[PDB]
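> give me the fold of what follows.
(chains A, B and C, ligands or ions: 3)
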Amino acid sequence: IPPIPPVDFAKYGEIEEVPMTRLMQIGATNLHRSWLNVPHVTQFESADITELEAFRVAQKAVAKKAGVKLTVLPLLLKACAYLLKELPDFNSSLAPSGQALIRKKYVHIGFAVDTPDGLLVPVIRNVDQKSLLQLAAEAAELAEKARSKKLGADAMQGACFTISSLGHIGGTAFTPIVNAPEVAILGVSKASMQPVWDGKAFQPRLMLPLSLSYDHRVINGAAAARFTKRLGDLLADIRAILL
Amino acid sequence: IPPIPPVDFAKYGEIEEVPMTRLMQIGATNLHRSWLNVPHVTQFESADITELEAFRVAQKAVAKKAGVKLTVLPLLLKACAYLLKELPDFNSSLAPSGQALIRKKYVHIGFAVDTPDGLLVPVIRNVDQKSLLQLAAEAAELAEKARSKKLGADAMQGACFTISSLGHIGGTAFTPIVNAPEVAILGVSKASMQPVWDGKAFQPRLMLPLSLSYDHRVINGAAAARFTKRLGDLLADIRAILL
Amino acid sequence: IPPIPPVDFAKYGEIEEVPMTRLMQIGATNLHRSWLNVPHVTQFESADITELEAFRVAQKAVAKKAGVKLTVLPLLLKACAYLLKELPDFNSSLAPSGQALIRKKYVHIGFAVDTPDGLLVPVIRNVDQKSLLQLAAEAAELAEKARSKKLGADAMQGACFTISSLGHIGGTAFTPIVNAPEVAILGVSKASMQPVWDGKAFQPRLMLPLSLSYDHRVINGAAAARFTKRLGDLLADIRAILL
Ligand SMILES: O=S([O-])[O-]
Ligand SMILES: O=S([O-])[O-]
Ligand SMILES: O=S([O-])[O-]
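Numbers count the residues shown, from 1 in each chain, chains lettered A, B, ... in the order given. Ligands and ions are numbered 1, 2, ... in the order given. And now the structure:
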C-alpha cells in the first residue's frame, strides 16, 4: 500500500499538532483493517415507521415507570435479532481459511457510541431473548459506561452484527464500514415525513433511512436487498415478530 | 494487507461451520481483487420510466407470442449498449501498464444472476445488434442455464460492462463493485411512484433508481454524471435510440 | 494487492489502444493511493436552498457589474470555510506517524475542475477572508487557467478540504474519494424541487444534495453527520455566518 507523501503543512500557514488518544488509534487501525479486507457494498432502504412511532410514544409512561427511555434502538435491536435468526448468513463470520463460514447460533449485537475519546461498540448478549424494556435499560447502561470510560473490554466482545444510529443527529443515509470479522452493519439515519404513494395519492408517512453495508464475499446483492426489505416490513408492523 | 485476527467464536455460544462452494470462493477472490485495484465512486440518478413501463405492459401479448417475458432488463441492455457507443470510455479497460486504455469496438454486456451456489454474470454478445425480444429471449436462456449449473465459462467472458438488477427484490439504491477489468457497472433497484415537480405541481412519476459505480482512474466525476443523466433521458424516451 | 489478470481483449472483437495523458496517470495514482489509505464513509444530506437561490438570482446585476458570474460555488466555499473553523478536526491532516493530528489554522479549499486532459483541483487560499464576489472572480480565473493548461502547481498545493460540484451536470448524489492527506471532501449534485413537510403539508423547496466523504480514522460518524447538518443549516440561512 503506497504511503501518503509527507507535506510540510506549516508552509501554508500556522499549524498545531494535537495527539490522538489510544482509543482513536486502536479504532483507526481496526477501521483500516476492515476497509482493506472486506469488499464493501451498501444497500439503502426506507422503512415506514409511522405506527411504530405511535407505539413508542404511547408507551412513554410504562417506559417511565420502568425508568428506561424507549428510543428506536431497542426496536431495531429486536427486529434485527429476529432477522439474524431468519437469514443465518448475516449471523456468521468467514473462517480464517476463507473457505467456510462459521454460523453463529447466538445473537449478540453491538451498537456504536461516539464518545469524546473515540468510538466504542458495547455488545448486548442474547438480544433475541430480551424484551424491549430490558434492551432499553441495558443499552442505556452500556452507553453510560462507555462514556464514563467504565466499560469492560469483556463487554466489547462477541458481537454478531452492529447497529450504528446517527438518527439523533441528522443525515439522509451514510455508508458504514463493516466491523470485521462481522459480515454486515446497519446504519440508521434521521427519520422524516415523506409522501408515499398509496395507489391513488401520496400520504405523509414517517420514513426511517436504513443503510446496510455488507461483506460481499459472504453476502450477495439479492440476499442483502432481501434483508433490508424484510427489515422494512418488520418495522412497518412489528407484530409480525410474534408469529 | 493486515489480516483479521482469528477469534474463538465458540466462546460466545454455539457455532456451526458450513463450507463455501467453489463458486463462492472464486467470487470472493475476484471481488476482493476488484476492491483493492479499483478506486470506486458510485453516482446515483433516478430515471422517469412512466412511459417505458406503459410500453412494456402494452406489449405483453407480442412478448407472449414470442414466448419471451419482456422485463426492464432488455430495455436497460439496449439503452446501455447505445450509450457505450456514444461515450466510448465506458466501453474500455485499462491496459496492464496503467498508461493506455483499450477501447473496445464491440458491446457485450454481462448481467448478474444470484444462484444458490453463488453469483454468475452471463454475457450477451453484440447487444447493440439485437432487438428487445431477442435480448429478452437470450437473457432468460442464459439465466436458466446459470441456475441449472449448465452455463459454459465461454459465456462468462468478454463483457464490456455489467448490469446488476435488484429491482425485483427491493431497495432504494446500492453501491455495486466494478467487475474489473471492466470500468463501470450499473446497479438498478426497485422503481416506485414519486412526486416530481413539473414546474407548477408535483405529478406522480414511476422513478427507477440507478447506481453507477465506476473506476475513477479511467472515469472522472463529470463523465459519470453525464452517463447517468443521458441514461435517464434515454429511458424517459427510448425513441431517442432511433435517431 | 493481487493484480488484475491480463485479458486478450481482441479475442472478442476489434480493439483500439489510446494512451493516457500524464495528468490522467498522476490522477490515477493519487486516487488509488487515497483509496487504499483512507477508510472512506460518505454521509449524505439535503440542504434547503430556496432562499439562497432567490438571493443569488436577485444579485445577478451586482455580479454582472463586478464582471463575475455568481454561482453556488462561492456560497459553498464561504459556508464550508466558516464550518472548518467551527469544527477544527475537518481542517486537519493525520501526522505521518498516525498518532497525532495536524490542525491547520488557515482555510484554503480546492475545487475539482474536470478538463479534457484530466482532473485538476485549484486551491483558493484564505477563503475565510474573501467575500462572495472575490471568491466568484477567483474561482472563475483558476478554472479558466486549469482549462488552458496555464495553472501553476503552486496553485494546486496546500488545500485543507475539497469541494467537487457536479450539480451543473446532473445526479442525485455520489461518493467522492477523499483527496488524502485531506480528511474530507464535499460532493454537490443537482438541486431539484422536492416536497418537504412543514408540519401540516408538503411545500415545494429547492433541495441541494450534499455527499460528504470522510476519513473515518480521524472523523467519526456523529461528527460527520453534525458537519452536514450544520452545513444544511447555514445554507438554509446564510445570515447565520454573520454572528
Ligand atoms: O451478487 S450482486 O453482485 O448482485
Ligand atoms: O473528477 S471528480 O473527482 O469530479
Ligand atoms: O463512529 S461511526 O462508526 O458511528
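> now the residue most central in space within chain A: how far from ligand 2?
The centre of chain A sits closest to residue A:163, judged by C-alpha atoms, centre = their mean, with a distance of 1.2 Å. According to C-beta to the nearest ligand atom, to the nearest Å, residue A:163 and ligand 2 sit 32 Å apart. Quick note: C-beta positions are derived from backbone N, CA and C, even for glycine.
> need phi/psi at that residue.
phi -120, psi 130 (degrees, to the nearest 10).
> gap between residue A:220 and residue A:183?
12 Å (C-beta to C-beta, to the nearest Å).
> test my guess that residue A:222 contacts residue B:166.
Yes - the pair residue A:222 / residue B:166 is scored as a contact, 6.3 Å apart, by C-beta atoms under 8 Å.
> quick one: the residue nearest to the centre of chain A and residue A:108 touch, right?
No - Residue A:163 is beyond contact range of residue A:108, at 12.0 Å (criterion: C-beta under 8 Å).
> span of stretch A:177-185 from start to end?
The first and final residues of stretch A:177-185 sit 7 Å from each other (C-alpha to C-alpha, to the nearest Å).
> is any residue of that stretch near chain B?
Yes - residues of stretch A:177-185 contacting chain B under C-beta under 8 Å from any C-beta of the partner chain: A:180-181.
> what's in contact with that stretch?
Stretch A:177-185 is contacted from outside by A:30-31, A:33-35, A:37-38, A:40, A:89-90, A:92-94, A:110, A:121, A:159-164, A:176, A:212-215, A:218-219, A:224, A:227, B:4, B:7, C:39, C:41, C:216, using C-beta atoms under 8 Å, 6 or more residues apart in numbering or on different chains.
> please apply the same query to stretch A:143-154.
A:113, A:115, A:117, A:120, A:122, A:142, A:155.
> do that again at 6 Å, thanks
A:113, A:115, A:120, A:122 (C-beta atoms under 6 Å, 6 or more residues apart in numbering or on different chains).
> flag every buried residue along it.
For stretch A:143-154, a neighbour-count test (16 or more other C-beta atoms under 10 Å in any protein chain shown) marks A:143, A:145-146, A:151 as buried.
> and it, does that touch ligand 3?
No - judged by C-beta under 6 Å from any ligand atom, stretch A:143-154 and ligand 3 are separated, with a smallest distance of 12.1 Å.
> between the two ends of that stretch, how far is it?
The first residue of stretch A:143-154 is 15 Å away from its last residue (C-alpha to C-alpha).
> kindly report the same for stretch A:54-72.
First-to-last residue span, stretch A:54-72, C-alpha to C-alpha: 11 Å.
> for it, buried residues please.
By neighbour count with 16+ other C-beta under 10 Å, stretch A:54-72 contains the buried residues A:56, A:63, A:68, A:70-72.
> is the residue in chain A positioned nearest to chain B in a helix, a strand, or coil?
Using C-beta to the nearest C-beta, the closest approach of chain A to chain B is made by residue A:106 at 3.0 Å. What DSSP: H, G, I helix; E, B strand; the rest coil gives for residue A:106 is coil.
> give me the neighbour count for it.
Other residues within reach of residue A:106 by the criterion other C-beta atoms under 10 Å in any protein chain shown amount to 20.
> thought residue B:13 was touching it, still the case?
Yes - look at residue A:106 against residue B:13 with C-beta atoms under 6 Å: they come within range, at 3.0 Å.
> would you map the helices across chain A?
For chain A, the helices defined by DSSP state H cover A:22-37, A:50-58, A:60-65, A:72-86, A:132-147, A:221-236.
> for the residue in chain A that ligand 1 sits nearest to, grab the count of nearby residues.
Per C-beta to the nearest ligand atom, residue A:221 is where chain A lies closest to ligand 1, at 2.6 Å. Counted with other C-beta under 10 Å, residues neighbouring residue A:221 total 24.
> so who does the nearest residue to it once chain neighbours are set aside touch?
In this structure, residue A:221 finds its nearest non-sequential neighbour in residue B:166, 5.4 Å apart by C-beta to C-beta, 6 or more residues apart in numbering or on different chains. For residue B:166, the contact set (C-beta under 6 Å, 6+ apart) comprises A:221, A:225, B:189.
> tilt between the lengthiest strand in chain A and helix A:221-236?
If you go by DSSP state E, chain A has its longest strand at strand A:202-215. Relative orientation of strand A:202-215 versus helix A:221-236 (axes from the mean of the first three to the mean of the last three C-alpha atoms, to 10 degrees): 140 degrees.
> for strand A:202-215, packing partners?
strand A:40-48, helix A:50-58, strand A:173-174, strand A:184-188, strand A:192-197, helix A:221-236 (3 or more C-beta pairs under 6 Å, 6 or more residues apart in numbering or on different chains; DSSP states H and E).
> tell me the one among the buried residues of stretch A:143-154 nearest to residue A:100.
Using C-beta to C-beta, residue A:151 comes nearest to residue A:100 of these, at 32.4 Å.
> who in chain A is up against chain C?
Contact residues (C-beta under 6 Å from any C-beta of the partner chain) of chain A with chain C: A:1-2, A:4, A:6-7, A:9, A:12-20, A:28, A:31-32, A:35, A:114, A:119, A:166, A:169-175, A:177, A:193, A:195.
> buried subset of those residues?
Of those, these count as buried by 16+ other C-beta under 10 Å: A:4, A:9, A:12, A:15, A:20, A:28, A:31-32, A:35, A:114, A:119, A:166, A:169-175, A:177, A:193, A:195.
> ok and the residue in chain A nearest chain C?
Closest point on chain A to chain C, by C-beta to the nearest C-beta, is residue A:13, at 3.0 Å.
> for the nearest residue to that residue once chain neighbours are set aside, give its distance to residue C:241.
Excluding the flanking residues, the one nearest residue A:13 by C-beta to C-beta, 6+ apart is residue C:106, at 3.0 Å. To residue C:241, residue C:106 is 18 Å away according to C-beta to C-beta.
> next one: residue A:66
Distance from residue A:66 to residue C:241, by C-beta to C-beta: 45 Å.
> one more: residue A:57?
Distance of residue A:57 to residue C:241, given as C-beta to C-beta: 37 Å.
> ok, residue A:7 next?
From residue A:7 to residue C:241 the distance is 29 Å (C-beta to C-beta).
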